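Take a look at this single chain, the form deposited in one PDB entry, given in structure tokens.
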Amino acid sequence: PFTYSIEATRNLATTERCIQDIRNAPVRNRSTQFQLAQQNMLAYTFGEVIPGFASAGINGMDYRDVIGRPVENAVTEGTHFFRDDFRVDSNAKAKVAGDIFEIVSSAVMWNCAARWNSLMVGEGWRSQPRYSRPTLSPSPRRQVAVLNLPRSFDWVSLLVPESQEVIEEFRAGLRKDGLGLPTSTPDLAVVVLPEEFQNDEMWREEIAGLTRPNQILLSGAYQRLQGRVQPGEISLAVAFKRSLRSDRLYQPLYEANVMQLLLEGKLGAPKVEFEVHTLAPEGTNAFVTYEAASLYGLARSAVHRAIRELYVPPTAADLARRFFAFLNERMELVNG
């Protein structure tokens, strides 16, 4: 659970355990002795807590101590089971830690859009925990899907064909000169629910916790929307980075521009909203870095920033609160 419980651990099928001994099952070319079963840890640690949507105690806990819980728990399991034999490298901890921050944050945002899509339809503003109800004119036409995007995704895949053609048009004209414009992906993407999903349930149900089934619901959500999004319906991109290093600022910042250049540039979409979330900015450097303007629109168009802001959630609750407010505000020029 969210607090290590040797009883819950004792009822774990050996293959649901958080640590995995592999001193007999060596990995190809890898010295790894014990694996961090990140999926497992998630379901153990967050089986029924979805931070921001749980106990007040939890919701306002320092968000770092929350995101860092799953690791703590697993290290305890290891020690308990293996003791001294136990050893895992910093880089495992960083790998998993960084993933968990991305997954859990998205889970929060998932629930945020549940509640949001409920109300948005003909539901109310669910009671608990208490968050300020939005003000905006409700409308089914104003629900949104929250797509935690997967490794080596291509954001362009979300778009409707007519828009994918414009682009592969463009690129072909580039390709005719030894020139490419590869597109990658943000860590997550909030889209406007395509019409024909506006009546579907799933986009309205808050989840109790990140159990395996529940994890999967989220990590796959994107598959449903591929080919169904309109250029202007990409309405928020987020990049997740637990801690910062001056060199690790550049993926979101570059892609952002590429998205702007295509969406805004070649498909006349409104300014593209792309932000970055971190729990550790290590100076001011990071902040000034993301004050950078958007490079396409520096050669008749209005100037705006590539990244709209750099955000550092204190609590899972603030994250909720922050996103509700964005939705309330951004879902305005959306005639419902």
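Take the two forms, superpose them, and find the largest set of C-alpha atoms that agree within 1.5 Å; that set is the rigid core. Heads up: residue numbers just count along the shown sequence, starting at 1.
Below, we refer to the form deposited in another entry, which is not included among the displayed structures.
The only C-alpha among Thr76, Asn199, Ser132, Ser184 that moves by 2 Å or more between the shown form and the other one, given a superposition on the rigid core, is that of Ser184. After superposition on the rigid core, the Cα of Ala56 moves by less than 2 Å between the shown form and the other one. Taking 2 Å as the criterion, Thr45 does not count as shifted between the shown form and the other one: its C-alpha moves by less than this amount when the rigid core is aligned. Relative to the superposed core, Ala292 shifts its CA atom by 2 Å or more between the shown form and the other one.
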